[PDB]
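Only one chain comes next, encoded as structure tokens, the form deposited in one PDB entry.
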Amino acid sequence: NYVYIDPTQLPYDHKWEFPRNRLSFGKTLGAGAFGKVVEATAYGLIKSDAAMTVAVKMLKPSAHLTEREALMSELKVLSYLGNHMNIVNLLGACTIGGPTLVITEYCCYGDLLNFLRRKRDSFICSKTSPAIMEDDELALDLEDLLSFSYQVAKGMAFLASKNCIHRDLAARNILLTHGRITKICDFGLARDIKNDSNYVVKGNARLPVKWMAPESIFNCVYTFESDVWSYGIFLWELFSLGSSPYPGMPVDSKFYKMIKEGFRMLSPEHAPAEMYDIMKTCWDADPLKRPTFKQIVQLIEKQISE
């Protein structure tokens, strides 16, 4: 019982406008064929006597009208959503006197997938041999993984409450910032998907097939519940410390058949049983039997308090 809004029709509130001459650009954080995101310093963005680090999304010279619309749509979507602790927050925009710039908080630890991949030595396998440890104030533990699961569920519950479907939920699209706070991000204009093997050609499009619900892959259906499927795959990435899902399996005819047949990933070693149970419910072939994000938050709350 929903229709899709054309995001180009959403309003842009001019309260966001910031002068471009108050930005100083630094290193590139991500880039695609037509766009990029740079770290920058903004002068007097929030308080007139303070400078702060921000991220800025912009187009490259190679961009056309569709990309110009795509960037303005990102601005309009964030303006619509408003702030939440667990999504990238809009801080301002430069829409006059030069190329469109969209300014958000800068997430200082980068994407969660790469972060998990460099924290693998915080964990060990279930074995019975003696182990030696080294002190490391920046280690991760199981409580951190549970916190990341909870924070991403709250961010997704927020999006669902605003009638928003993210459509590319994955550890690579979740950022980490000060306080180990996770922020769901739109990586549009910030990745060249043609060179990311996680995006597979299926017909006309390059799609993150290992993260996608069967109704999305096979029927081009996208709902709140298809995002829940992807959240289940994200949990698997989380408790597997950044393993690629379906490890060792290419996306081919066999993969598609096995998904339809009901095959699912097995529990990661470091997943609590209750967390694997959640993943399994997120992967029900019937979208109506998957939990909602509001339900997931309620469940993870129960286990975090116990």
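One-based numbering along the sequence shown. Take the two forms, superpose them, and find the largest set of C-alpha atoms that agree within 1.5 Å; that set is the rigid core.
One more form of this protein should be noted, the form deposited in another entry, which is absent from this view; the next part is about it.
Position with Cα shift of 2 Å or more, rigid core superposed between this form and the one not shown, options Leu189, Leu235, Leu145, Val88:
After core superposition, the single residue displaced by 2 Å or more is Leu189.
C-alpha of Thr281 off by 2 Å or more between this form and the one not shown on rigid core
Not so; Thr281 is displaced by less than 2 Å.
Does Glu74 move appreciably between this form and the one not shown, meaning a CA displacement of 2 Å or more on the superposed rigid core?
Where the cores coincide, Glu74 still shows a C-alpha shift between this form and the one not shown that is 2 Å or more.
With both forms fitted on the core, give yes or no for whether the Cα of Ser267 moves by 2 angstroms or more between this form and the one not shown.
For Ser267, whose C-alpha is compared between this form and the one not shown after core superposition, the shift is less than 2 Å.
So the Cα-Cα distance between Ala190 and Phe158 shifts by 3 Å or more in the other entry; is it shorter or longer than what we see here?
It is closer: the C-alpha separation of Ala190 and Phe158 falls by at least 3 Å in the other entry.
CA-CA separation of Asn195 and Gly242, closer or farther in the other entry than in the form shown [shift of 3 angstroms or more]:
Farther apart in the other entry, by 3 Å or more.
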